[PDB]
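Values in this text are rule-based calculations from the coordinates and carry no lab data. Please note: Cβ atoms are built from the backbone with ideal geometry, for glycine as well, and neighbour counts cover all protein chains shown.
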Amino acid sequence: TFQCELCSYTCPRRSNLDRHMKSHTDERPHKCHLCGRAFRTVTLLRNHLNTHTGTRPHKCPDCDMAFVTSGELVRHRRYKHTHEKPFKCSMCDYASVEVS
DNA sequence: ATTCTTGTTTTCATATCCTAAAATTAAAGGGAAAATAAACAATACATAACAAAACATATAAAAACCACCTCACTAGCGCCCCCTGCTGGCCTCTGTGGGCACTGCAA
Ligand SMILES: [Zn+2]
Ligand SMILES: [Zn+2]
Ligand SMILES: [Zn+2]
Ligand SMILES: [Zn+2]
C-alpha cells in the first residue's frame, strides 16, 4: 500500500517509509570530533570512534583478537573457527565466507 | 135615508216560559295492584402519590494499538597478502664451427 516517489520502494510499515525518506534526504547530523566524516545514526559514529582508538568490545570467543562490530566477528569465525561457507560455485568445488 | 171606510177594544191561539218528576250521568270517594322514583349502600374505575427500577452519563481503569528506537543481521567494496604457475631475458657451461700446425707413410 505504501509507495515511494524517488524509487520503486514498497513497504507495509509507514515507519519503514519514513526511514526510506530519511535515506533519500541523507540526514547526517552526527559528525566526528577527529575527522570531517559524518553519519546518520549514533552506532555508526560509535564504531568510527571505536576505530580511531583501540576500544574493540566484541571479543572473539576462540582466540584473543577483537573487532568493533558483530559481523566482522561472525565472518572471522566462519573463516577461522567454524568454516561455514554457505555460497558455493557453479563448476569448481569453491565456497567462501563472503559473496564478494 | 142609505151605504162605505177607519180606528180601537175583546178574545181565541199559538208559541214560549216556567216547574217539577224522572233519569241519568258524570263526578267523586275508596280499595288495591302496579309502578316509577328515590335514598342508601356497594362495586368498579380512575387518579394521584410514593418508592424503586431502569436508563444514561462520566470517568477512569486496565488495556489495546501504533510508532520509534535500537541492536543485531545482510550486502557491499575494497584491502592485503599469499601462493602458484607461466614468461622473458640472462649467463655460463657444454658444444658447434673452423683455421691451422703437426705427423706417419711412402715415395
Ligand atoms: Zn525511494
Ligand atoms: Zn573520525
Ligand atoms: Zn578467533
Ligand atoms: Zn567456479
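Some observations on this one:
- Using the Cβ-Cβ distance between A:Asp64 and A:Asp18 with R0 = 35 Å, the FRET efficiency computed as 1/(1 + (r/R0)^6) comes to roughly 0.25.
- Fewest-first sequence of A:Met91, A:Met21 by Cβ atoms within 10 Å of each Cβ: A:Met91, A:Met21
- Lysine pairs with alpha-carbon atoms under 29 Å apart, chain A, spacing 8 or more or separate chains: 6
- Sorting the segments A:45-55, A:67-77, A:5-15 by their residues' average number of neighbouring beta-carbon atoms within 10 angstrom, most packed first, yields A:67-77, A:45-55, A:5-15.
- Overall form of chain A per C-alpha gyration tensor (a/c, 1.5; a/b vs b/c): oblate
- Here the label points at A:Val42 and A:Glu84, each 7 Å from Cα along the C-beta direction, are separated by 2.9 nm in the simple model.
- If the chain linking A:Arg28 and A:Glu98 were pulled fully straight, counting 0.36 nm for each residue of separation and taking away their Cα-Cα distance, it would gain 22.3 nm.
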